[PDB]
Enquirer: 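If you scroll down you'll find the structure; I have some questions about it.
Read the numbers this way: they start at 1 and go in the same order the structure lists the ligands and their atoms. The chain is numbered in sequence order, starting from 1. Quick note: numbers below take in every heavy atom, side chains included, and nothing from hydrogens, waters or symmetry partners.
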Amino acid sequence: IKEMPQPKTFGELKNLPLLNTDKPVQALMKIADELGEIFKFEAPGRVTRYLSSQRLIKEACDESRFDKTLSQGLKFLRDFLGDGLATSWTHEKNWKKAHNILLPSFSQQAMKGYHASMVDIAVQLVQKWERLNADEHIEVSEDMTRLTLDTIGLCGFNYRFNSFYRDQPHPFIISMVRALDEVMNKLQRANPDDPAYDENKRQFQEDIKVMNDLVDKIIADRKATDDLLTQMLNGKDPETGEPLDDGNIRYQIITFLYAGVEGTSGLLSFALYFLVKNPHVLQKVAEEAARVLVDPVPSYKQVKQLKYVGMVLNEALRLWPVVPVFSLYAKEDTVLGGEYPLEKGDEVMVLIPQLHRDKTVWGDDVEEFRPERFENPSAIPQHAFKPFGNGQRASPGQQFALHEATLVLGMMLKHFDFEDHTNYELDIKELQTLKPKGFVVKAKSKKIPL
Ligand code: HEM
């Protein structure tokens, strides 16, 4: 039975000032590197424990001992995501119902139905890059976000955001990013009732209205005229026979569009970054892309044969898991690793970037980008790789995300050579999800028609 380490406290503010940064997850990684596999973190009125080792995280991932909790971050996201799937307690009224109703929208049959829409948007991206002049460059994170929002819009809702017909981000992206930024600010605010924050609160309500205005256009357009929206509006819970309430449906739509703005866009941006920084890996992916993608547009079967592209995407998720933390609570009194006693309700945070750098399960070379790590998935120890979370509360979008990401990276490397023309230094923007900031490249067309 050991005493848990804790970083510097600041009187009544406890540890809160340590995360007074634009990069709090990166700050928590530095604390983990100082204090080791577990440390206590206190803020006014709340305590959590950050886990960094596979040894402790494997116990946290035991669903008989631990269930999902909402971090302060996820609690604030309920301001516009409500009790959608991601921001619901496991035993809250709409979690199990929504989970059951939306399950067949991620079926193998659903995935085959989505492929044609993913190709539509991927073709738009390739055509944009083909039409750039010699003196121009690509804003990588920006164009990856255009693609992922358009893909979930078309695949999920038969709605065209038409992000490639806009120089600035779609108003929905502008408002969602501004809302996510306000939540990052709220996590650092000790005195939220201060009148100095009245303008912030007004702007927050305005951004929530813009997002709700778009949800109205998606529903109106469906009324005017078989996908995720069909299942939301018409699907009934097989257990109870009850459909989703109109209010919950709206929260689910914004939740799935949030997957469109953050997550897959981060992965694709991180993936291209690692490729331009590791030219031998880029050459290998370019060779696979050329060999497998023999048709003008990729088939479902051809995307499944892009094996090394899959390994590249997994190695991007290892180093920079784009959803970097998930939170759990002790269902009963328990002892973590035979050293740390927890009371019922005690909260733990899985620091995924630190888990993915645990030398005891990954070896010495944890900082090296080596997709060859994932040549044999079965050789990776249990609970050593958790970019999609854990158990019944794990990502339902894993297959969707990796299919989209494989298709896009495959086509990109089939159609273009890439130059890191500015010698870009990785700068990671944090919104409770991770994405490169200011990442720019030049593309050279291989002149292969679509
Ligand atoms: C690289 C891409 C993605 C990553 C890394 C990712 C990661 C995650 C993680 C870690 C969680 C668990 C969060 C927690 O325990 O608090 C999660 C939940 C979820 N993800 Fe994903 N995700 C990705 C793509 C997607 C996509 C494309 C969709 C939808 C189309 C999606 C929908 C969801 C939903 C609805 C949940 C909540 C599930 C529930 O609790 O019932 N994700 N995701």
Enquirer: Check whether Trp362 forms a cation-pi arrangement with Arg318 (NZ or CZ under 6.0 Å from the six-membered ring centre, at most 45° off the ring normal).
Expert: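 The answer is yes, since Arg318 meets both limits relative to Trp362.
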Enquirer: I want to know if ligand 1 touches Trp95 in the polar sense, i.e. an N/O pair below 3.5 angstrom.
Expert: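 It does: an N or O of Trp95 is found under 3.5 Å from an N or O of ligand 1.
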Enquirer: In terms of heavy-atom contacts, does NZ of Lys223 have more than 12 from other residues, nucleotides or ligands at under 6.0 Å?
Expert: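 Yes, enclosed.
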Enquirer: Hey, is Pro387 touching ligand 1 through its side chain, its backbone, both or neither, going by heavy atoms under 4.0 Å?
Expert: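 The answer is the backbone.
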Enquirer: Nearest protein heavy-atom contact for atom 28 (C) of ligand 1: which residue, which atom, what distance?
Expert: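 The answer is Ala259 CB, 3.5 Å.
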Enquirer: Which ligand 1 atoms does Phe256 reach within 4.0 Å, using its non-hydrogen atoms?
Expert: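 What qualifies from ligand 1 is 29 (C), 30 (C).
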Enquirer: Between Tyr308 and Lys284, is there a cation-pi geometry (under 6.0 Å to ring centre, at most 45° from the normal)?
Expert: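 The answer is yes, since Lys284 meets both limits relative to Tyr308.
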Enquirer: Assess the side chains of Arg250 and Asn212: does a donor N or O sit below 3.5 Å from an acceptor N or O?
Expert: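 Checked: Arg250/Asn212 side chains pair up, N/O donor to acceptor below 3.5 Å.
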Enquirer: For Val322, take its heavy atoms, then give the atoms of ligand 1 lying under 4.0 Å from any of them.
Expert: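 Those qualifying, in numeric order: 5 (C).
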Enquirer: Hey, is ligand 1 close enough to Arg393 that some N/O pair sits below 3.5 Å?
Expert: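 Yes - when backbone and side-chain N and O of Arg393 are compared with those of ligand 1, one distance drops under 3.5 Å.
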Enquirer: Number the atoms of ligand 1 from 1 as they appear, then name those within less than 4.0 Å of a heavy atom of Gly389, with their elements.
Expert: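 Contacts of ligand 1 toward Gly389, numbered from 1: 10 (C).
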Enquirer: For ligand 1, is there an N or O atom under 3.5 Å from any N or O atom of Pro396?
Expert: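 Such a contact does not occur with ligand 1.
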Enquirer: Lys68: heavy atom below 4.0 Å from ligand 1, yes or no?
Expert: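 So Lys68 counts as touching ligand 1.
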Enquirer: Just by distance, no angles: are the side chains of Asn100 and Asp237 close enough, under 3.5 Å, to form a donor-acceptor pair?
Expert: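 The criterion, which ignores hydrogens and geometry beyond distance, is satisfied for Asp237 and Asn100.
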Enquirer: Which residue owns the protein heavy atom closest to atom 15 (O) of ligand 1, what's the atom, and how far is it?
Expert: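 For this ligand atom, the closest protein heavy atom is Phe326 CB, 3.3 Å.
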Enquirer: Any ion pair linking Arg160 and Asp120 (charged N to carboxylate O, less than 4.0 Å)?
Expert: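 Salt bridge: yes.
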Enquirer: Is ligand 1 under 4.0 Å from a heavy atom in the side chain of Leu85, in the backbone, in both, or in neither?
Expert: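 Under 4.0 Å from ligand 1, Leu85 contributes backbone and side-chain atoms.
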Enquirer: Would you mind checking if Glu242 and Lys97 are paired as a salt bridge, meaning a charged N to carboxylate O distance below 4.0 Å?
Expert: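 Between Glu242 and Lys97 there is no salt bridge, as every charged N stays at least 4.0 Å from the carboxylate O atoms.
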Enquirer: Looking only at distances, please establish whether an N/O atom of ligand 1 is found under 3.5 Å from an N/O atom of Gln398.
Expert: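 Min N/O separation from ligand 1 is not below 3.5 Å for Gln398.
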Enquirer: For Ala86, counting its heavy atoms only, list the atoms of ligand 1 lying under 4.0 Å from any of them.
Expert: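 Taking each heavy atom of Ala86 in turn, ligand 1 has 37 (C) under 4.0 Å.
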Enquirer: Do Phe172 and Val210 have side chains that get closer than 4.5 Å, going by heavy atoms?
Expert: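 No, every pair of side-chain atoms sits at 4.5 Å or beyond.
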Enquirer: Nearest non-hydrogen contact with atom 24 (C) of ligand 1 belongs to which option: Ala401, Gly73, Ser71, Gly391?
Expert: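 Looking at heavy atoms only, the winner is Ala401.
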Enquirer: Given the rule in the salt bridge (charged side-chain N to carboxylate O under 4.0 Å, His left out) test, do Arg78 and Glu92 qualify, once you have shown the distances and angles that lead to the verdict?
Expert: CA-CA 13 Å; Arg78 289 177 61 100; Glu92 207 171 356; 2.9 Å; yes
Enquirer: Classify the angle between the aromatic ring planes of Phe41 and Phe39 as parallel (below 30°), tilted (30 to 60°) or perpendicular (above 60°).
Expert: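 Ring orientation of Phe41 relative to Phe39: perpendicular.
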Enquirer: Using a 3.5 Å cut-off on N or O atoms only, is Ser395 in polar contact with ligand 1?
Expert: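 Indeed, backbone or side chain, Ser395 has an N or O that close.
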Enquirer: Please write down residue, atom name and distance for the protein heavy atom closest to atom 3 (C) of ligand 1.
Expert: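 It is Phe388 CE2, 3.5 Å.
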